[PDB]
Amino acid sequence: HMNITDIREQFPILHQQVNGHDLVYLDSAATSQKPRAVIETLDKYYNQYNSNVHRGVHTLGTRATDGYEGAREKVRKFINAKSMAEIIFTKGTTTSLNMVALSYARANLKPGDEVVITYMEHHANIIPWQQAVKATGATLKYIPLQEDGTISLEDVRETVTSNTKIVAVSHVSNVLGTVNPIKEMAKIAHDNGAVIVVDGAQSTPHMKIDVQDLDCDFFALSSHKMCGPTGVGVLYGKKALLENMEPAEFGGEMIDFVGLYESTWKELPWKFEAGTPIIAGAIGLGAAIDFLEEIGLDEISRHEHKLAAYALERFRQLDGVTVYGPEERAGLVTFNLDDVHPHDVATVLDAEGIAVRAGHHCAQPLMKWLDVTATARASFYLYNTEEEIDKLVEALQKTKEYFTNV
């Protein structure tokens, strides 16, 4: 069973004060902190075997290559892809989704075709499609939400038609905490002749991913949200789809033959990795996976279920506070205080050492759906505790009192 003291001990950043109070970091949905295992992986790379990638040239070059390709296999195993050919290293979830929008959607959309998304999508999983449909003259449609911020499969079946070519949807909402029924949405997309594109930025850090079981056609994730370095992510795609897609970027490493005017591409996955890769970051992402696997994703998910249930209960103890989204959820709470702008909530909480985020959370259409212009969000991970949630709710109570007096 997961010992939170022993876990927290591995994250040096947690052990400091802000404005004279112990740090209470509740913004892991914006980005996660790193354990020493990951930081020391980066250190060991740059101290010992940094070199460009390509085996059989020199000793450090081979070690760097083995580290990079080793990390690719770690990722394959971690999301249960069939093949390393299906695992592409990118700069992050946003780039991954843009690659699908550029290389897949822009080549498979014509007037009359639909791309179906949802009102709860992050911008990363909206704007690329807005642009893909404009370029092709296709139509963008939205699946409606139920009143508690979940999606009913009946509404999916209604919105998706035989003209739908792509359904794109979040696994987990970074605002509502909703866990969408991706496996069942994939069947509805496939039944209609569509592919499904899953935004896994908020799911992958926090619960097991099995792409064969989900049967998603594409899946995108970010390192920085799952204890890993910044600047790296993954695009998973089914091999038969990737084979038929053209590259999104061109250069060295992704070519086989280069003539004056024409070139041929390398096989997968390298076809989609142009230039010197994100060597250190990818290796550190592999170390993040190792670390998360050692703890156990199921264990992490159980911890967060407990935190979430505790937070929702304690928020219900506060008058004058609204929480958005459903009871069954991931480890985050987005809320507003009745008489206090969420930016001022965040400011006052930070003076008590508590880090939360305020704003639209890159989901302006969802904020409109919620009839608000902004919200505050506390988001959790494997290093957070019930005591920290106690601190949050006590601070929210004091916040209300403080703005009442003023």
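Residue positions are given as counts along the sequence shown, with the first one as 1.
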inquiry  = Please compare 36 to 44 with 55 to 63 and name the stretch with the higher mean C-alpha B-factor in the deposited structure.
reply    = 55 to 63
inquiry  = So, looking at the entry's B-factor column for Cα atoms, which has the higher mean, 5 to 13 or 393 to 401?
reply    = 393 to 401
task = Can you pull the Cα B-factors for 218, 291, 142, 78 from the entry and say which is highest?
result = 142
task = Return the residue from 278, 194, 332, 274 that has the highest Cα B-factor in the entry.
result = 194
request  = Could you tell me which third, lowest, middle or highest, the C-alpha B-factor of residue 259 occupies within its chain?
outcome  = highest
task = Using the B-factors in the PDB entry, rank residue 149's C-alpha atom against the chain and give the third, lowest, middle or highest.
result = highest
CA B-factor placement of residue 361, once the chain's modelled residues are sorted into thirds = middle
inquiry  = How does the C-alpha B factor of residue 230 compare with the rest of the chain: lowest, middle or highest third?
reply    = lowest
task = Place residue 350 in the lowest, middle or highest third of its chain's C-alpha B-factors, as listed in the PDB entry.
result = middle
